[PDB]
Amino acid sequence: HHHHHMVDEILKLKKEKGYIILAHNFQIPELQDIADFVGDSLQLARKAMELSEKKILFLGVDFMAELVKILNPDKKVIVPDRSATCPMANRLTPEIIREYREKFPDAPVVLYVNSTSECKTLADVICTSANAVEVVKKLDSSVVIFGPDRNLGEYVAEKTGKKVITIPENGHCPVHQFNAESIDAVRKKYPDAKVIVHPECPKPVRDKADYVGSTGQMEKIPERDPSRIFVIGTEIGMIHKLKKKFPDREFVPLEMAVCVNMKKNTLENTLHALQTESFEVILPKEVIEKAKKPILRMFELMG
């Protein structure tokens, strides 16, 4: 009843006030369902650039909303919880980047998308887990500085054969610290299941999986693998996304993994956001201009 009210009022206010809702794959199912588009940060950013609308309600975490805003400076971007962020990303700082640039002056600074917008202004190129391998492959260098995620950096080193110098020391994602034993357990319980895990997972988990890929990659695997059952080693939000796309197959969480910050967004605070038209994502224009360069480098090296 209340969700029915909240859902209908959200759909009403989004229509009335000219907002497009963009939701990340890790949002709760109820917010994914009222979104105009659901996707990874790259898909959502690219999508934003194509919109005729000048108003965006973004449903994810701050670095993502800011990625949208940097590529769409003249659109009004709001979020329902202004504290939704990536705690581990904020362990990488400007001074660590400067320090490592000095020591390895010829190593391009490749920053993972979860990095703060301030940190992005000091990068040579941005990447996501979808494109990180391709991006580091096409750089001239045989050595790269990579942060903030150490597991993704080592994965990239593995697949490119390049030297990846990770920063900071011990940057990792709690959400993807799956037990390797959990894979052994599912392979006996579901013998024919395909295990897909995120490259942020530790090396023993990746190496025992049938596929390693980001959320965008995970959702393309059933387009080419006919298996009836997939075991999914990422954040719980992707199970709903996959089930919706491929109703014919079964998706089983490797374990329950919840990103607390992603779950800060609710139907209630989303409705408040459309009522009040807050909270606006504002970056100093200087940050937009400086962060935009390594982002455009990323597309140049992708496309």
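We call the rigid core the largest set of C-alpha positions that still match within 1.5 Å between the two forms. Residue numbers here begin at 1 and follow the sequence given.
Quick one: with the core lined up, is it 155-163 or 84-92 that wanders further in 4 other deposited structures of this protein, going by C-alpha RMS? Once the core is superposed, the stretch further away in 4 other deposited structures of this protein is 84-92.
Averaging C-alpha B-factors over each stretch, which comes out higher, 69-77 or 176-184? Averaged over C-alpha atoms, the B-factors run higher in 176-184.
May I ask you to compare 20-28 and 283-291 by their mean CA B factor in the entry and name the higher one? The entry gives the higher C-alpha B-factor average to 283-291.
Selection from 203, 82, 198, 120 [criterion: highest C-alpha temperature factor in the record]: Going by the entry's C-alpha B-factors, 203 comes out highest.
Within this chain, which third does the Cα B-factor at residue 51 fall in: lowest, middle or highest? Ranked within chain, residue 51 CA B lands in the highest tercile.
Could you place residue 190 in the lowest, middle or highest third of its chain by Cα temperature factor, using the values in the record? For residue 190, the deposited C-alpha B-factor lands in the highest third.
Lowest, middle or highest third: where is residue 110 by C-alpha B factor in its chain? For residue 110, the deposited C-alpha B-factor lands in the lowest third.
How does residue 226 rank on Cα B-factor within its chain, lowest, middle or highest third? Highest third, going by the recorded CA B-factors of the chain.
Can you tell me whether residue 171 has a C-alpha B-factor in the lowest, middle or highest third compared with the other modelled residues of the same chain? For residue 171, the deposited C-alpha B-factor lands in the highest third.
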